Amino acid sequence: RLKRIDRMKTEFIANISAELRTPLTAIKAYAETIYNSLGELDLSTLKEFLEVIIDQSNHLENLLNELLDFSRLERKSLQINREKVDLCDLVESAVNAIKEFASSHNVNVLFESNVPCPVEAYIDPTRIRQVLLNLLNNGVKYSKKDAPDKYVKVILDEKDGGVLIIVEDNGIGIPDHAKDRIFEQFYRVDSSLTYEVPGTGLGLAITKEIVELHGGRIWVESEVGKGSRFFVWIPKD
């Protein structure tokens, strides 16, 4: 079988190291600074520095969870458990979850429904939230570098006997040769507009697997320099 090249696994291992090293650097710097500065530290600053440690720990945890979820999907032990969820709350909730990260990159996050709410669906809310956060996160990560009107927008709709979620951005966009590869495990577009962006290339492979476990599909449309639209279709019941 032609498959995930050893070159891609090696890059992957390097990329793990790099993405984890940034929060770890903050954890250690903030902790040592507290320890050595307990006399020069006011209470408000002590608390602020502890909050940074905690929040960087949480980011690191999320990154570890990505690795865990990917190993669990590759072994097929990850198995869905559905419920009746209002997609409108779920999306708003996901949008709230990513607010701080989007601000940190000056990206506005929007939500529109083409259909009135609630929008009920028989889905695993945990795993669909995680699909939405991967797409929302990617819309922030791959946003334009220096632009005044950067956004990521979730569009909710009902189509073809299911729910259609579109995540649209005006980011860097994706080259045509990359488009058919972006869902593959470990695949990252390597360009002058992505060299600094941390990642493993697992997120969209996880997302694809979760969506297909729900009997749904995910596809992409993009233009380089303009932006991207990710479409997720999942059956209504």
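So that there is no doubt, residue numbering starts at 1 and follows the sequence shown.
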Problem - Between the two ranges 58 to 66 and 179 to 187, the one averaging a larger CA B factor in the entry - result: 179 to 187
Fill in the blank from the handout: The stretch carrying the higher mean Cα B factor in the deposited entry, 84 to 92 or 161 to 169, is 84 to 92
Practice task
Divide the modelled residues of the chain into thirds by Cα B-factor and specify which third, lowest, middle or highest, holds residue 125.
Solution key: highest
Exercise for the section: Determine, from the deposited record, the chain-internal third of the Cα B-factor for residue 76: lowest, middle or highest. Expected result: highest
Completion exercise
Chain-relative C-alpha B factor for residue 111 (record values, thirds): the highest
Handout entry: Relative C-alpha B-factor of residue 141, binned into the chain's lowest, middle or highest third
Key = lowest
Handout entry: residue 40 by Cα B-factor - lowest, middle or highest third of the modelled chain
Key = highest
